[PDB]
Ligand SMILES: *P(=O)(O)OCC(C)(C)[C@H](O)C(=O)NCCC(=O)NCCSC(=O)CCCCCCCCCCCCC
Ligand SMILES: CCCCCCCCCCCCO[C@@H]1O[C@H](CO)[C@@H](O[C@H]2O[C@H](CO)[C@@H](O)[C@H](O)[C@H]2O)[C@H](O)[C@H]1O
Ligand code: SF4
Ligand code: SF4
Ligand code: SF4
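Chains as they are written, first to last, in my numbering: chain A, 1 to 80; chain P, 1 to 185; chain Y, 1 to 66; chain U, 1 to 76; chain X, 1 to 186; chain G, 1 to 242; chain B, 1 to 76; chain R, 1 to 122; chain Z, 1 to 237; chain F, 1 to 427.
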C-alpha cells in the first residue's frame, strides 16, 4: 500500500528546524559578549529561518489542514 | 420532512451571520482562545468532585440494596407442619420461558400427590420469576441469595434434594419477603 | 475516608482495633453492635454514614466470604 | 473417563472434550494407594500411560515404571 | 436563572464554616452533590412497609358483584375483522354505488338482477377494463368521490379530535437559545 | 446527616383517601371508525391508479394494506415514493412470513412511512422457493440490509440487489431458519476438538430434547368470529323492498 | 483464549455462557462456552448482579491462593 | 463488485444458453481458485482433491432442467465464492465441507443391510 | 437587508439549501410534468390525479408575480428574438456551451411555455482560482506526434472555443427578477407543503414518476390474478 | 404460472435497472496517457473491533482504506444473532415477552412496551390509566438510563472518561427503582400486555421525586465537561453528516433522523400510553452531524426528567393491570379463594391467552430510534410470526454511506453517535 507523504514531511521539518534551534543555543550562552552586534546577526538568522517556516505554513506541507448553491437558474418567459 | 399544511411559523432558519456581524468582542473572543477558559472551567468541576464524598461500597462487608421482590436462587418450601408445599401441578414447568424445569410425579406411599423428580437447570434459567408467580401454594420461590458461583456446572443442576435443602436454609428470609410482597401479588 | 471522621473513630475504637480493620475492611468505621450470626459474624449499624454504608459486618473467619 | 491428576492447572484442557458427568477428575499420587484404589473401582478398562524418561528427586525410573505399575495393577 | 435553591434538593448539605467555604469556592452554590439522605431515602425499606396498609383496587363497572354481565365488557371477542376489497368489489362500487350512496334507486325487483350486474361485471373485468370502456368521464368520477382531487392518507394523532398530522412548531422559549445549533420543538 | 431544612419528608405528608374508583368500559376499535372511510377511500384511489398490480386492499383499524403482484414491485413503490399524495419516503421494515399451505410459500411484507402526511402503509406481495422478487434498493437505500435478512432467513431471492449475501447466519450455514420446515435447534452443532486443534461441526444431539407444549392448546376456539366494521360507503347498496 | 499467556483462568458469567440459557434451543447458539474453552468459575444469573460477579472473582482469587506452584514441583 | 470485492448483482438467467454460460464460468472460477483456497485455509489435501471435490458439488446438480432452479443454485455458488475468497469463512467451515474430517469419517451411512443391522442403524 | 433569500443559505433541513430561482423552477417542473402526461391515456385515474393536483399547484404558483416581472419579460422576449442562435440547444447543446468559466444559457420549450436555463460560473475566491477557472485539459502534446494523436488531443477545439473575454457577437442574458422573502412565504402558505425548496424536491419527484408510470403501463388490466387461497390467513367463520 | 412458467425462463422479473430514466439534460447539476493521473492506487483493509465498551460488544467492521480515509465500510453482523424470532414461535405470548428485554439490553422496559402495545392492539383491549402512567414514567426512566449509557460510552470512546463514572452512579440509583417494582436490575419483565405485572411499592413515587430534585444538576455537570469543550467540539463537528433527504431514504429514525433538521417523534405523531397527557419538547438539530446529535440527546435528558415529574403528579388510582382474568393473571388471593380465578390462573400459565387473528405493525419512540414489531396472530395462544424492527439495524446499514471519506478516528465517533447495542441489531 502506498505510504502517506506526510510521514516524510514530519521528519524533514523537524530535521531542519531542530538543526536551526541548535544553532541558536550558542547565542543564549554568549549574549553578554555578543551584545547588539551579535543580536543583529542572530535576528537576521532567526528571520531567514522564519520565512522558510511561513512557506510550509502557507502550503500545508505538513498536510494537516484541509480536512451549496446551485448554478442551475431557471427563468420563466410565458406562452409562445 | 415537515408535516402537511402550512409550514411551521419561522421554521426556516435566519440567514447566516458574517464573521463581523457576530456579537462577541475581540477581547472576549481572543481571550477565550488563548487562556482556554472553557477547559479551565471543566478542570475546576473535577476539583469539586475531589472534595465530595465517594459513592463506593466496601463489599463483601457492606452490601447493596435489594428489594423484597429480588430474584435469586430457587428454593422449595414447606408448611409449618413440615410437609412439602409442592403437589406436582407442573404449572411452573409449563410456564418456564427456557424449559429449565423437569418434573416427574406419582402417588406417594400415603396416597398424596407429590414429586419424585424436581430438577432446575441453573444454566438454562433466566431468573424471570414466572415459576413463582404461577404457583398456587407458594412452593417455588427465588431467595435473595445471589452469591453461589460454583466451580463446575454440574453443581448448577439443582435436584429436588438441593432445592429443599435451600428452602430449609432460607425459610425465614423467604417467609419475610413473601410477607412484604403478598399484598401486591 | 477523611481526617475528621477517621480521627474521631480512633478516639473510639483504639489503635489495636484500628489495625484490625485496615487488614480486613480497609476503612476505619465505628458503630453499634446489632447482633451475632450463628457463624460468628458481627453486625454494626450507624445511621450517620454515607448511604448504603449504615450497616456492615465483621466476619468471624480470616478467609471470609459473603 | 476417570482422569487421575497430580497438578490442577495441567488437567484443565481435558474436560472440554466431554459432556457433563463424563470427565471425572481425581487427585492422585503414585505413592498413595487409596487414590489409585478408588480411581479404578468402577472402571471397565484401565489404562496406564504413566512414564518418565528421566530420574527425578522423587522417582527413579525404577520407582515410576515398577513401583507404580505394581501399585496400580494390584488395584486392577 | 434556571436553578432552584440547594435547600430544597434532598441531598446531604454542608454545614457551618464548611457551608460558607463551599458557597465561596464553587461554580454553582445551588448544585447538589448527589448524596441522598439517610432518614428520607428508601426509608423504611420495602420489607418494612406494612403489608396490611396496601389495598388492591377494583373499579366499579368491571369489578362489581351486581351490575356487570361479562359479555358487555368482552372486547376481545368483539374484535374488528379486516375489511377486504378486491378489484371486482370496486368495479361494483363504482357501477351501482354504495349503501351510503347509490347510483340507481334499486327498488324492489329488477334491481336485484341489477345488483348482480354490478357483481358480475366485477369478476369478468378489472377496474382497468371498466375505466377504459366507459371512458375518461368516469376517470373524473373516481376523483369526484373525494371532491375532484385524489385523497390524502389519514394521519395518526387525533390530539385535535380528528385524525391529522401533528403540527410541529417551535417552542416559545428555546433551551439553548440561539447559541447552539439545536432548536426545541413543541 | 445535614437535612436540606426546606425539603420535608415526602412520605410524611398524608394523602387524601381514594374511595370508589370508577372507569368506563371502552372498545378501542371504536376510536378508529372516524378514519375508516378515508383509509378505504385512499386504498380505492390507489387501486384505480394502478389497476395492473393492486389485486386487493384490506383495512383493519388504523392500518391500510395493499396487495400487489410481484412484478409490480418497482412501479407500485415508485408511485408510493414519488407521488405528491403518497409521499411515503421511508421503508420502515421489510420482512417475510411463511405459509407452507400456499403454492407461493412466502408473503413479503413492506411497511412504509410518510413523514409528510403522518401516515403508514403496508404493501404485501408473494414469493416462492424459486420465484424471485424485484429489489427496491433502486428506490430506498435503507432497504438493502432488510432484503439481505429476508434472503438469509427465508431463501427469497431479490433480482437486482447488489451483494445479496447472508447477514445473520454463520458462514457455511445451510438452511433458512425462519422457514417452518426448519427445526428450532437446527441440524448441526459445534465444539472444539482437542485432537484436531480446531472447532469442528457435528450432527446435533441434545442432552435434553426440547419439550414442545403445543398440544396443550384449547380444544375449544377462544376468540370467535369477530365483528364486521366496514364503512357503509364501501358496502353494496341493499335493494329496498317493493 | 489461545493467545492468553499462562497462567490462564476463565470465568463464565451468566446463563447464556454457562449453558446456553434462553437461547439454548437455537440453531445459532453454542450451549455453554465450555464446549469451546475450559472454565474455572461459573457465575449464575441472567444477569448476575455486580455483587455476584464480584463473588465469582473472589472464588477465583481463593482458587489461586490455594494454587501450589513450587510445592507441587517438590512432590514431583 | 461495487460494495465488496467479489459481489455480483443478482441476475436472472435469460435462457439456457445464458444459464449454461454462467455455470461454466462459475465452475472455472472455483477450480481456478483451488490453490488459493488450499493455502489460506491450510487444507491438508492435494489441490487435486479440492478440485475433484469442487467437481462433485456441481455434479450433484447436472440434471436440473428448470431455469428458475439454476439461478438460485448459481446465486448460492457466487455467495459461497465471495465468502471463501474474502477470508470470511473460518478454516473450520471450509474443511468441514470435506466430509471425511468427521471422527466417524466418510463412512457414516451403513454399507449394506447386515452391517447396519449389527451396529444398530450405523 | 432580508428582503430576499440568500441562495444556498441553509433552510433548517440539512443538505437542502435555498433555491436560486424557486418560482421558475417550480413552474418548469409542473409544465414539464403536464407534457409527459400526454403519453398516458385519458381514462387513467393516475393521469387525472396527477393532472388535477399539478394544475392546482400550477395555478397558485402563477398567482404570485415578482415585482418588475412584466418589464423584465418584455426585454427578455426581444433579447431572445434578436439573438436566438446564442441560446439554441441544437447549436450550443443542452448546457449552453463548454466554456464553464463563461455564462451559459439555453432556451427550452415545455408545454407551450418558454424557459431559459442559465448556468452560472461558480463564485470562487480569487486567491485560489487559477486562470479564472479555465478547465485544465492538460498540456498540449508537443514533439513529433501523429495526425491521429493530435485529434484525440483536441486540436480541432482551437477553431471552436472562444476567449471568455470575447463578447462582441454575443449579448448577456439578464436573469428574471425574484420573489421577495415575504412573497416566498406567501407561496408556501398557499401550496401547503412546507418550504419552497422542499416543494421543488417533491415536484421534481412527480416529474420522474411519469417516466416509470408510462413504461410500466399501470392503466393496463391486472397482470397476475391471485390464485385461489393466496391472500387467505386464519380468519374464523 | 409461477413456478411452472419459471421452469423454462419465459418471463424475466422487471428489475429497477430496467426502469432507470436518464436525468433531464437541461437542469442537470454536477484518458490513458503517460501521466501519473492514470495510475491506480492500492487500498488495504482493516479489521476494526471489538472495542472496550459494552454496547459495541460484537462489531467486526472491515474497512477499506486509501491511506487514512475510509473508502468503503463493510460491517459484518450476526455475532449475536441468537434466533429470537424463531424461538418466539414455540412460546406463548407471555413466555415470549422476556425475549424483548434482551433486544436493546440498555432500554429494557421500552422493548417490552412495544411488544405489549402490539399484543394489546390485537387483543382489542384498553389498559387502565394507572398502568398508562406507570408505563410512561418508566419509559422515561428507561430513556434516561439508555442515554446515560449512550452519551457517556460515546464520550468514553472519544476519550473523556470522567463523565462516564459520574452518570453511572445516576444509572446505579435509577436501577434501584427497577429492582423495587420487579426484582431485576436489568431484565424487569415488568411491562406486559394489559398493563404492568405488579403495582409499584408504596414509597417509590417519593423516592423518584427525591432523585428528581437533583438529577438536573447531574446533567449540568456532565454538560460542564463536554458541550463547550473545544476538543469535544472539534471531534464531533462535521462528523457523520447526513442530509435530511438521505436520512429518510436510509431508514433513519430518532436522533439520527432528528439531528438533520426533521421534526419527528413517534410520541408526538402517533401518541401511545400517557404521552398525549404530558407536555414535552422535541430537540431538532441543524447540521446533521455528531455535535447536533450530542446536543439533541442532552436536551432529551432534561425533557424526560420533565415528563417524570408530570407523571408523578397525575398518577391516578386503580388497577395497574387490565381488569379481566381471561387476559391478565388474577391476584394470588383470588386464585386461592375463588373457583373462576383459579381456572383463569391455571389456563393463563399453561395455555396462555388466545390473541384474535390478524397482523399489526406497532412502533414506539424507543431511545435508540423507532422500534417496531410485526406480529402475525393465528387466533391461537402462540404467535405465528414475530418480527422486530430495531432502530440500530437500519443505522448500521447506513454506516458506509455516512463514514465514506472520513478518518478511522472519525468513524469511532460515528459508531457512538448511532445508538448501537448489537443484541438489538441481531435478533
Ligand atoms: P456439460 O454440458 O455436460 O454440463 C454443463 C452443465 C452442468 C451446465 C449442464 O449442461 C446442465 O445444464 N446442468 C444443469 C445446470 C446446472 O448445473 N445447475 C447448477 C449450477 S450451479 C452449481 O452447481 C453450484 C455448485 C456448488 C458451487 C460451489 C462448489 C464449491 C464449494 C466448496 C469448495 C471447497 C470448500 C471451500
Ligand atoms: C514571527 C512569527 C511569525 C509566525 C508565522 C506568521 C504567519 C505566516 C504564516 C501564514 C501565512 C499565510 O499562509 C497561508 O496559510 C494557510 C494555512 O495553511 C493556507 O491555507 C489555505 O491553503 C491550505 C492548503 O491548500 C488549505 O489547507 C487551507 O484550508 C487554505 O485556507 C494559505 O494558502 C496560505 O496563504
Ligand atoms: S412448585 Fe408449585 S407450580 Fe411447580 S409443580 Fe410444585 S406446586 Fe406446581
Ligand atoms: S425463573 Fe428460571 S426456572 Fe423459573 S420460570 Fe423463569 S426460567 Fe424457569
Ligand atoms: S444478561 Fe442474560 S440474556 Fe443477556 S447475555 Fe447475560 S445471561 Fe445472556
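Note that beta-carbon positions come from the ideal geometry of N, C-alpha and C, so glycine has one too.
Exercise. Is the beta carbon of residue 304 of chain F sitting closer than 7 Å to the one on residue 140 of chain F?
Worked result: Closer than 7 Å, so yes.
For this session: Verify the contact flag: residue 88 of chain P, CB atom, against every heavy atom of ligand 3, threshold strictly below 6 Å.
Result: At least one heavy atom of ligand 3 is found less than 6 Å from the C-beta of residue 88 of chain P.
Exercise. If you draw a straight line from the C-alpha of residue 57 of chain Y to the C-alpha of residue 150 of chain P, how long is it?
Worked result: Approximately 23 Å, taken between the alpha carbons.
Exercise. So is residue 47 of chain Y in contact with chain X if we call contact Cβ pairs under 7 Å?
Worked result: Yes, its Cβ sits closer than 7 Å to a Cβ of chain X.
Exercise. In chain order, what residues of the same chain have a beta carbon less than 7 Å from the beta carbon of residue 5 of chain F, not counting five sequence neighbours either side?
Worked result: If we look at residue 5 of chain F and ignore the five residues flanking it on each side, its Cβ neighbours are 11.
For this session: Taking 7 Å as the cut-off, decide whether the C-beta atoms of residue 163 of chain P and residue 118 of chain P are in contact.
Result: Contact: yes.
Exercise. Between residue 141 of chain X and residue 231 of chain G, what straight-line distance do the alpha-carbon atoms span, to the nearest angstrom?
Worked result: The C-alpha of residue 231 of chain G is placed about 20 Å away from the C-alpha of residue 141 of chain X.
Exercise. Between which two residues does the beta strand (DSSP E) carrying residue 108 of chain G extend?
Worked result: Unbroken beta strand (DSSP E) run through residue 108 of chain G: 106 to 114.
Exercise. Is residue 66 of chain A near ligand 1, in the sense that its beta carbon is under 6 Å from a heavy atom of that ligand?
Worked result: The answer is no for residue 66 of chain A.
Problem set entry | Neighbouring residues, chain Y, relative to residue 57 of chain P (Cβ below 8 Å) | Neighbours of residue 57 of chain P on chain Y, chain order: 52, 53.
Problem set entry | C-beta contact flag for residue 318 of chain F and residue 15 of chain X at 7 Å | Residue 15 of chain X is positioned such that its CB atom lies no closer than 7 Å to that of residue 318 of chain F.
Exercise. Can you list, in chain order, the residues of its chain whose CB lies under 7 Å from that of residue 105 of chain G, leaving out five sequence neighbours each side?
Worked result: Excluding positions up to five away in sequence, the list reads 98, 99, 128, 129.
Problem set entry | Beta-carbon separation (whole angstroms), residue 53 of chain Z vs residue 85 of chain G, contact threshold 8 Å | Sure, about 7 Å apart at Cβ, within 8 Å.
Exercise. Sorry if obvious, but does the Cβ on residue 60 of chain A come closer than 6 Å to a heavy atom of ligand 2?
Worked result: Ligand 2 has a heavy atom closer than 6 Å to the beta-carbon of residue 60 of chain A.
Problem set entry | Span of the alpha helix (DSSP H) around residue 66 of chain F | Taken as a continuous stretch (DSSP letters only), residue 66 of chain F belongs to no alpha helix (DSSP H), being part of the beta strand (DSSP E) at 60 to 66.
Exercise. How about residue 191 of chain F and residue 112 of chain F: are their beta carbons less than 7 Å apart?
Worked result: Yes, the pair counts as a contact, with Cβ atoms nearer than the cut-off.
Problem set entry | Burial state of residue 64 of chain B, where buried means 16 or more other Cβ atoms lie within 10 Å | Under a 10 Å Cβ-count criterion, residue 64 of chain B is classified as exposed, with fewer than 16 other Cβ atoms of the shown protein chains found around its own Cβ.
Problem set entry | Cα-Cα separation between residue 21 of chain U and residue 43 of chain B, rounded to whole angstroms | Roughly 19 Å between the two C-alpha positions.
Exercise. Say the cut is 6 Å; is the CB of residue 91 of chain P nearer than that to a heavy atom of ligand 6?
Worked result: With respect to small molecules bound, the structure shown includes ligand 1, ligand 2, ligand 3, ligand 4 and ligand 5 and not ligand 6.
Problem set entry | 7 Å Cβ cutoff, residue 68 of chain X in contact with chain F | No, residue 68 of chain X does not count as interfacial toward chain F.
Problem set entry | residue 25 of chain P versus residue 180 of chain X: straight-line alpha-carbon distance, rounded | Straight-line Cα distance between these residues: approximately 18 Å.
For this session: Could you tell me how far apart the beta carbons of residue 354 of chain F and residue 223 of chain G are, in whole angstroms, since I believe they sit closer than 8 Å?
Result: Correct: roughly 5 Å between the Cβ atoms.
Exercise. Do you know whose CA, among Z:23, Z:27, Z:38, Z:167, lies nearest residue 86 of chain Z's CA?
Worked result: Considering only alpha carbons, the answer is Z:167.
Problem set entry | Interface positions of the region 174 to 191 of chain G facing chain C (Cβ-Cβ less than 9 Å), listed along the chain | Of the protein chains in the structure, A, P, Y, U, X, G, B, R, Z and F, none is chain C.
Problem set entry | Bridge-paired residues (DSSP) for residue 13 of chain B | Answer is B:43.
Problem set entry | Closer than 6 Å: residue 127 of chain P CB and nearest ligand 4 heavy atom | For residue 127 of chain P, the shortest C-beta to heavy atom distance toward ligand 4 is below 6 Å.
For this session: Return yes when the C-beta of residue 13 of chain P is under 6 Å from any heavy atom of ligand 2, and no when it is not.
Result: Result no, Cβ not under 6 Å from ligand 2.
Exercise. Of all Cβ atoms in chain F, is any one closer than 7 Å to the Cβ of residue 103 of chain P?
Worked result: Judged by the 7 Å Cβ criterion, residue 103 of chain P is not in contact with chain F.
Exercise. Taking the DSSP output, what are the residues bridged to residue 25 of chain U?
Worked result: Residue 25 of chain U pairs with U:3.
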